[PDB]
Amino acid sequence: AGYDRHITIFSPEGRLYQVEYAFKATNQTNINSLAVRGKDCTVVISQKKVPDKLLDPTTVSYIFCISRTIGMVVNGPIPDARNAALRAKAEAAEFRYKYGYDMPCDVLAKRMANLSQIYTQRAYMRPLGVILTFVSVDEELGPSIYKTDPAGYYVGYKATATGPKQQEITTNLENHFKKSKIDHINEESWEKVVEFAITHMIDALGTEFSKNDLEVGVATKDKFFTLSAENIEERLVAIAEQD
Amino acid sequence: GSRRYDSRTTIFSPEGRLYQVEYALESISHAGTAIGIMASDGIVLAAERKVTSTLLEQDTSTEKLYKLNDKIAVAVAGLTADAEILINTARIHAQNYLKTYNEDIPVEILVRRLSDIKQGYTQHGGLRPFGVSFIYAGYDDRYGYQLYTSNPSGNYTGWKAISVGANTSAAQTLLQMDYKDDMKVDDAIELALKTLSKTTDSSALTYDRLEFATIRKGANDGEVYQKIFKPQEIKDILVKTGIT
Amino acid sequence: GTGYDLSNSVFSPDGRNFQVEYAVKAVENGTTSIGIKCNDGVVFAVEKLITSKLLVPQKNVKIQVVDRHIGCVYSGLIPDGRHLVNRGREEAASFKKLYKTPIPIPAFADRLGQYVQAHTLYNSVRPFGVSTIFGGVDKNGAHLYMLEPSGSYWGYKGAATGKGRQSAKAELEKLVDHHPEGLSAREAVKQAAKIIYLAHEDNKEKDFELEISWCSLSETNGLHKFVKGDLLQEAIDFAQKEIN
Amino acid sequence: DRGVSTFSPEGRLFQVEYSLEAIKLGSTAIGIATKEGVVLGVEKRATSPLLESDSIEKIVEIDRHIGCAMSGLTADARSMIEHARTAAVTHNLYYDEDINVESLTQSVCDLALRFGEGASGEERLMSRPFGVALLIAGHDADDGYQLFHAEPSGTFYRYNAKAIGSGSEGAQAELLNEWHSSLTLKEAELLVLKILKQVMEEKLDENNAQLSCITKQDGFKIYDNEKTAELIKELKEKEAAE
Amino acid sequence: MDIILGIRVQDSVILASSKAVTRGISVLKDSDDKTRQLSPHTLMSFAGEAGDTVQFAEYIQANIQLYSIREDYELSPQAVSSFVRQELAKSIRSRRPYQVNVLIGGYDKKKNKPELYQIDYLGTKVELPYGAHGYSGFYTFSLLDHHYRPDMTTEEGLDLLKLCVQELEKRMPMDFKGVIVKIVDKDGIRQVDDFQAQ
Amino acid sequence: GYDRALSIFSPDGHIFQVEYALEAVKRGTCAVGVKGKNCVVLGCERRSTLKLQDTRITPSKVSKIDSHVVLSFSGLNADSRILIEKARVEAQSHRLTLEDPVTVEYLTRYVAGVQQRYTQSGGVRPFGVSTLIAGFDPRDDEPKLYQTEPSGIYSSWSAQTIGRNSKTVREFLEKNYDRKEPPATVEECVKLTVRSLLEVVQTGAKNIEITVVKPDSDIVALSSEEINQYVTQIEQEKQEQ
Amino acid sequence: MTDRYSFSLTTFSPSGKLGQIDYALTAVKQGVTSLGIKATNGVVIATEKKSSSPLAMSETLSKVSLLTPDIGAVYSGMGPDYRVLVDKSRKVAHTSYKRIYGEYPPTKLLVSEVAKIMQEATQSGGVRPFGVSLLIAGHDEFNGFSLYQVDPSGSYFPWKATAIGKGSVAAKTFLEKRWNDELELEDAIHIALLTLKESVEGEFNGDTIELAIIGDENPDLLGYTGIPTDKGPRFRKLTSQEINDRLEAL
Amino acid sequence: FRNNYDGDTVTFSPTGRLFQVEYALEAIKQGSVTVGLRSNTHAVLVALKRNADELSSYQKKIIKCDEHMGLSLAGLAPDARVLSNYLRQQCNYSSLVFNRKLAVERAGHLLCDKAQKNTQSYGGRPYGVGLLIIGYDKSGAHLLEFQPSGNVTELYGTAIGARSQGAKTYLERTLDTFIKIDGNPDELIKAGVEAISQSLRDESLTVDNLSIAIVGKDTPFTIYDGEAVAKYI
């Protein structure tokens, strides 16, 4: 009876506790990330925290290059995050091979969401304690943000945030769009969209960032890449000469 | 390991009873009542549709009476979905037999095969049994009209009149009270409706809450005919028998 | 409720996997071992408790090589360690067979990563009872890694695990601060011998045996090799000298 | 629940130990080895006077030079006997010679621990250990007459004499004092008959007890009732003699 | 090939089957009975590949007897022949097909009529007044096309067969060593022990 | 896939699933078998929890495995079908390869083996059935009667009974059956059988069926009257005292 | 590894209840309301697009899906469970029917296939039942228009009109009042909107409501011309604009 | 505590322990004593054979794996048969495929890995027996100690089983002495019998009770039992 809390079967309330506890794990890394869409780009920002001095800062990341065009930022423990990244890469490579074209951001998201739904229904597979945000500039849909969770749920966003202080970032972004009345950062360059992203990350979290406190991934027509500490520093400088 | 979450659906109780079968039977006892009555010139199958609504489409509905063959039909009492899984395999078994021997399958062979499938879920596999009881009405040239019944345990028996589902105790007593070996299809039709009429947990017994079927050998022909009554047809036979 | 810690892949109400956490306990209860990244290679050292005079000295080697350019050392349940290295070897052989080039350290780290993470996905298996320090030289530099029972791993400047991980980490941090320019393979070997000696205080009860290995582009040509004879003693002394 | 191949805190396999308990409830079986052959005797123990006692087969032939007596859940012994017969016959086909008694025993014991719900070691498909112990007696050129005790644990011991079943602790004590390196086949026979009589609840007669032996000369033979009846009479007389 | 003949008269089906079993240069046996009783009122004769022949006959026999016991009933001749046809039809597309031709003669106690079924190894089944497998048919079909009559008695049927066997013993190259004749009717299956000179 | 060990040892050395399997047998209708000098008789009782059945079609308790051997049982009806089918198949297979029908001991040894196997195989529960198997070996006139049980144990009996109240009826047979002079007739054998059943059936002409098995596949089941006649003569033996 | 869960996770309790199915139904109860109404010349199914955040693009999430050009589905309960069910339904319509008969399956049979899939998650080893109830609307030549409900148990039933989820009890009562066997498609769409309004708390407009119908053939949605017998799909999702136009006449 | 974490080998206790493995180790301790020691030319195995009754035999405890390798067991005999059989096959493979005698050190690694698999998977059980492996290969005499936990160690000498601690302290003392018994087998054996008797208490090693095995420079692994060991009692 009390085992309806160890495996993914329904509780008398029709709830799946294991899925709820999996959601809890997604904040274990105490990191926050957000994604916004530019005019022709998509930017994902994530806090970067390296406490141990014995660590090689260059190997600490939660942003992944799934394919030439798709980028993925993960909120959750690194092992499950890497499990998810490897699968997404294999899935993206297979799609291109079988269907002849690059797997779209939303399709990869649906696919990973479906895989997640399964861990939610079969008892021998545990859900992964992560939330995946996929981004790209789809050849048909344009700038795209699709996020999937341990429930197998997924949807597209105008912008989104994830992590412990997800709500503050969310309402901040919500307010900005209520104001602009458009569903994207009306900027022509990705550098400025990245600046908008970081700027609002600061406002919402009430915190200042050095070049080593952030991690940035950018998506453009035919390519997704991550910024270097220096590319970011240049970004931080620019925003500083406005405040 | 997994062992921790295994219910062990196929074990004996200290009294030598099979838990799951007993519980599946308990489930069946809350299902709409289904009655089967065998006469000299035919067989009657009647069932009460458990739960209905104004918006339920009764013309396109069928939750209790299914055709397995052109000579065999069943009345269901239990989980509809479970019943459908068994009904479909029963239909296939009947066709395999026909293809092998070029003769329609004898009623008992088919009933035994279905009962055997059920028996399996009882002895191996670790799966829950099917929460279903069937009343088979069929005809073959070796025993003529026949009426059988099978339940979750995989056991089956033959009857002159029988009921499955809710209030079978009351239904059986009433049937054992008015049934007579030399009955006639029409007598049976009436006996069936009267019985359901007195066992129903509902206010009155209307046509929208019934399913009727008969297997007769139309004198003007020489072959066997199955007839799953249509809404209107039930409404009619309902007034005639004096239930209006 | 409770019992969330009796089955491997179960998430506790706070999102943790208690069995992995208990695996860690087995690791912290083990011998201390470290790794130091130098300017063109990496050094591996480990404490080898002398249970008794009966142990043939220098015979029970703990550091293991993978392919020809990777070293692996671990603290915890030794058999689990060997198991993980065997996998790494099959994994490296497979990569070389298809791509011709010997496996890059990062790539190799993930192979061990994924395999270890896989053992936290089902209750039919137990997590690994070892934290593993490994690395080597490749197409673009030296790389040091540490993999936890959860499958978590990162690149390190220096790393330690086992009974005296705190002492070691303290020492490693000093080195990191006092050598922003980078230590040398020659230096790292001595420094490693020292840290093992210092970190041996958390077990000062039993006598031990020192074991070092390294992989340096200049000192070993990029091949993993064990430190023996003169270079070994010279490092042992450097420790024995600074232990007073 | 708990695995069928779990260790107790004392380093024992629950299922094997519990298995031994079932063997304790079995009918008594006794074997005695002498330089003139090995005798195997068992307590039929019918459960009703209407049961045809001679249909109780607790002493079976493995091969002309190997016999077997069982005790415990006897139905569990059929596959063991079948395996033994096949191993003995097979060996002869492959080597044109008799299978050694020890080898045959070792083969039977290899089945023992092949139980579990998926033990990582091969394909042990058998839900539980056997609930029967066996006394394997035979003769071979290299080690002469031999008696082995095969248990569900997979271990087999060689004995000069041995008793298994409900009256074993008692009967084993007897065998301790009675056995000596120079017993004759006849002495061994009476000795088995005697001890069975002490432990059996029923009064031993040629219908609720059965003897058999294996000699290099005539191989394994099960004494017919008449032959044992006389041995019983001869025992009663020697006992009353003092 | 061996001689396998069958003729359905008024109230019975008669089967005649050669007695020779020859391998290479030698007639190994001259009293071979190329038949198996499938049920008290159904008989099957067979000819074909050396070992497949009996293995198939006995396999079919085993199955019919099993059905009889399970159902405490005797399958009709038509039912048994359809079962046999399906077995052969499966076989023809298997790894190593059964190379056996059969004649199934049965008396249908429900219809009270004799029935003769001819089935080749491909699973080709046909119901006939008279049938044959092998080269025999080449001399017997036209012979019977001429002398056969629907309402013939069992005795007339036997004389008709005798006419067939004589033609075969005259024009066929091989010495098939005579035939064993069996009658299948409402009372079962009986063997005419006197055909060596009827 | 499913291979959970359902039949396992308990601390006292018992295998409860096999033990509980026997409890299912005790609950089944009674069955008895007695062997004459030239025959074997099998009698079974007929429950009455529900009466309005079609006797023609309702599966009977005594089943023919082959033309010279029959099998009756006590326990789960559904389970018994499985054992009977396997027995029938083995009977035909044996005739096919040995060119001789099975002996009664052989057929018994086979059924018993199937039962035993289901007591130590993963994923399956033991058969809640006990059987009585009787008949005559090919070309033999000496009657045969065997009994098998859930554990896989089997043995022959001069007479035996299984099922509910088998305790009572066995007592009857133990003090009414003389091995010195077995029912020298088909009649007196059937009588001793009916008498034994009456000790528990409590007046049931339609609640007691009997089947007589003689050498050379001579098997027949008595009708209500034939049986009812024995009951009649029996109740008089009593009143005439 | 290897799924060693080969036993059922849904079993009968002493009372005869199948716990997991009951619980699955409770999940359906917490789900957003959805309904379906059958007219004489069509069927309409609708539900609320309960956006989980104003930053989310509710259009990228369809609760109403096309299964075959003449069949659509909507649901209440666990969205992810529904999504995979739709994938499997679309495929079974091909593998078990179109690839055999060269034509799409009639509504009742496809419903029967879906129901089967759901029944298996109720008995197969190692799984839990699907936590959803579907409403499937469709049309086929010999059966005309139809509406079906499929529950977690695998059971299904034909409806004239009905609602599932959150406020199903109230919604059903409201439908029983307005339904009659003479309703034209537009009438049902109208009644559908009215019923859905009682279940919606906040905004009620073409952007928060998802509604589709099964009606006349849409040759304009076929994609090609030249084949007379091919007139287009009967399934059509209404546009946000088409919904608002009908809301003004609410 | 424990009771909740000792149900199977796939469960860690709150402190990082594997009770099923520890319980298996307990089967060894309950096993009769056996000793092993080597010089530079030979390696010897001395084992105390235990008997059920005075009517039973003293179960063998030494198994030959190849002309240059063998072992002694303490605990579940069947598990020793399995492990030694696997060892016989690995030695065999090495000879047939590479015409190379298997290195004792490699044999130890192979055993460790075979035992490790039964400690991380569900359904299986750890092996319940300890083994002492001796052998002469291309690097001289060797002695290994195998524990069901999968831990294998190379020593100059050691002992396992009941009261093994006695013999072990003796060897840890006699070290400098026997390690030099080169070129003289009888001495190494005697030194072994002396170490083993340091664990006696019940009785004294008799003829059909003592079992010795040796292997070395020019000595194929051979087992001595009975009359063959008389000259050492």
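Sequence lines set the chain letters: A, B, ... in the order given, protein chains first and strands last, and positions in each chain run from 1.
Both the backbone and the side chain of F128(C) come within less than 4.5 Å of a heavy atom of chain H. Contacts of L143(H) with chain C are absent, with no heavy-atom separation under 4.5 Å from either backbone or side chain.
Per-residue heavy-atom pair counts under 4.5 Å with chain H were compared for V125(C), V56(C), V61(C), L6(C), and the maximum is reached by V56(C). Chain H forms the most heavy-atom pairs under 4.5 Å with one residue out of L77(C), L55(C), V24(C), and that residue is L55(C).
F146(H) is not listed as a side-chain neighbour of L132(H), based on a closest heavy-atom distance of 4.5 Å or more. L84(C) is listed as a side-chain neighbour of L147(C), based on a closest heavy-atom distance under 4.5 Å. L111(H) has its side chain within reach of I133(H): a pair of non-hydrogen atoms, C-beta onward, lies under 4.5 Å apart. By the 4.5 Å heavy-atom criterion applied to side chains, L48(H) and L200(H) are counted as neighbours.
In the displayed structure, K96(C) atom NZ is contacted under 6.0 Å by more than 12 heavy atoms of other residues, nucleotides or ligands.
In this model, no donor atom of one side chain and acceptor atom of the other lie less than 3.5 Å apart for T32(C) and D202(C).
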Go through chain C and chain H and list any donor-acceptor pairs closer than 3.5 Å, backbone and side chains both.
residue: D5(C); atom: OD2; partner: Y5(H); partner atom: OH; Å: 2.5
residue: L54(C); atom: O; partner: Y156(H); partner atom: N; Å: 2.9
residue: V56(C); atom: N; partner: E154(H); partner atom: O; Å: 3.3
residue: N60(C); atom: OD1; partner: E154(H); partner atom: N; Å: 2.8
residue: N60(C); atom: ND2; partner: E154(H); partner atom: O; Å: 3.4
residue: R82(C); atom: NE; partner: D113(H); partner atom: OD1; Å: 2.9
residue: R82(C); atom: NH2; partner: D113(H); partner atom: OD2; Å: 3.0
residue: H83(C); atom: ND1; partner: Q116(H); partner atom: NE2; Å: 3.3
residue: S124(C); atom: O; partner: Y122(H); partner atom: N; Å: 3.1
residue: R126(C); atom: N; partner: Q120(H); partner atom: O; Å: 3.2
residue: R126(C); atom: NE; partner: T119(H); partner atom: O; Å: 2.7
residue: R126(C); atom: NH2; partner: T119(H); partner atom: O; Å: 2.9
residue: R126(C); atom: NH2; partner: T119(H); partner atom: OG1; Å: 3.3

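Distance check: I214(H) CD1 to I134(H) CD1 gives 7.5 Å after rounding to the nearest 0.5 Å.
Taking the ring centroids of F108(C) and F134(C), they lie under the 6.0 Å cut-off.
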